[PDB]
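One chain comes next, on its own, written as structure tokens: the form deposited in one PDB entry.
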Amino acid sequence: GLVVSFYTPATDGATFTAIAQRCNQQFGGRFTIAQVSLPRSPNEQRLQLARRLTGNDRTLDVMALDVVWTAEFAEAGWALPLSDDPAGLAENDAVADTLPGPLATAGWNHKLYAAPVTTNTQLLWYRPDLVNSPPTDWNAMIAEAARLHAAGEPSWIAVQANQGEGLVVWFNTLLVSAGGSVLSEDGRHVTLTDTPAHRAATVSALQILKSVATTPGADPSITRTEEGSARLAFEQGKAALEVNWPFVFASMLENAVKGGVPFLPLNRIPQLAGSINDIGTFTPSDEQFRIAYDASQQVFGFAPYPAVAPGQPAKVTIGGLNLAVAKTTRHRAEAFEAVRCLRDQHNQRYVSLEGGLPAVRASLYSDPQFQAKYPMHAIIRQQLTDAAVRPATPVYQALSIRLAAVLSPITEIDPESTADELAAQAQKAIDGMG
């Protein structure tokens, strides 16, 4: 029958393709979900979607939106409210057995405009064979990096922050964790330098950024434009400390089996032969997973995101993907139905274990079978309970562009002056000027 188009980031194409096929198996030819890939960066995903929406592309049905786009897609009319479900089942499905942080990312003006499907929070990833204890705060991060440098060991502090969204996420985590915030509650005012407490928070966050930027043996990938990967940097042994979304767990196990991790030769274990499936996805059996994980644990460990205020955990910036139905769709009923099918318990288990994307279903974090395969469940749920959030605003696109342009390169940050420049550019963004 009809085709429901499902637009997702390209790096999550395969995963969602698999999920879509599963859901296609449960409709009996009544309709078919077809996944379509968007670019890699949140901004370009947004741009493609916005062009199809303003272009009245009536073939656009379901969209996997980054959490930061809700405000814009709701205010524009692009994302239909879940209350526009003809069957009226969308809102109840979205809130049922779903963590409250994701649900908050999916809302605007007291209405849900999307159903969360995946969430995200960044953890610390370290080489337990080179680091006897994972640092619990950022000055400890810097000290460990310097000490590793004073031993020929890899000294990078791999953070996925080039000159875009990831850098803004780093800054927002540091700022909120320092007690600050980019915008007021209502999003109408800039709160980076408007009180001494807020200014102090911004200055501290900028100071951490600069100190990581200029720490002995730091990244020479910060001082230019090339979209480098902190994940691959860690997997290539160039870094013994990384902060990154938890998909790097799956990747590390997968690429180590494909032979792509020098310090973790899972490819040389006979029992893991064939654990890669015909589409290239690491799909171990239970015993194969025990083998791979217990071998990984000698060179790969995870820990909470490093705090800024020692003695209390950080407020880590939440990310992820919410399923929205485009206002262009021709079959609202089937779009919302497909949304409900894409986020069910089975496909959530899959999107987490195979796809590396944290699920939004709370039951899974209380599920022992899931916890045994996702050993980072407790820290992820705890950081999502305590999560920092980026400002929900219809002008987040321009806001993030301006903030990123000011923050990069982080080697040129001067905390006070940079704080003032940041507040001024954010003011420009929320003034509807660029």
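One rule holds for the numbers: they count along the sequence shown, beginning at 1.
Novice: Highest mean C-alpha temperature factor of the two stretches 373 to 381 and 24 to 32, which is it?
Specialist: It is 24 to 32 that shows the higher mean C-alpha B-factor.
Novice: Looking at the deposited entry, does 125 to 133 or 348 to 356 carry the larger mean Cα B-factor?
Specialist: The stretch with the larger mean CA B-factor is 125 to 133.
Novice: Name the one of 338, 201, 364, 145 with the greatest CA B-factor according to the PDB entry.
Specialist: Among 338, 201, 364, 145, the highest C-alpha B-factor in the entry belongs to 145.
Novice: Which listed residue, 104, 279, 176, 206, has the largest C-alpha temperature factor in the record?
Specialist: Across 104, 279, 176, 206, the entry lists the biggest C-alpha B-factor for 279.
Novice: Rank-wise, by C-alpha B-factor, drop residue 37 into the lowest, middle or highest third of its chain.
Specialist: Middle third of the chain for residue 37's C-alpha B-factor.
Novice: Against its chain's modelled residues, does residue 397's Cα B factor rank lowest, middle or highest third?
Specialist: It belongs to the middle third of the chain when residues are ordered by C-alpha B-factor.
Novice: What third of the chain does residue 249 rank in for C-alpha temperature factor, lowest, middle or highest?
Specialist: Lowest third.
Novice: Could you place residue 75 in the lowest, middle or highest third of its chain by Cα temperature factor, using the values in the record?
Specialist: Middle third.
Novice: Where does residue 193 sit by CA temperature factor within its chain: lowest, middle or highest third?
Specialist: Answer is lowest: the recorded C-alpha B-factor places it there.
One more form of this protein should be noted, the form deposited in another entry, which is absent from this view; the next part is about it.
Novice: Are residue 51 and residue 85 part of one rigid piece when the chain shifts between the shown form and the other one?
Specialist: Yes; in the rigid-body motion between the shown form and the other one, residue assignment puts residue 85 alongside residue 51 in one part.
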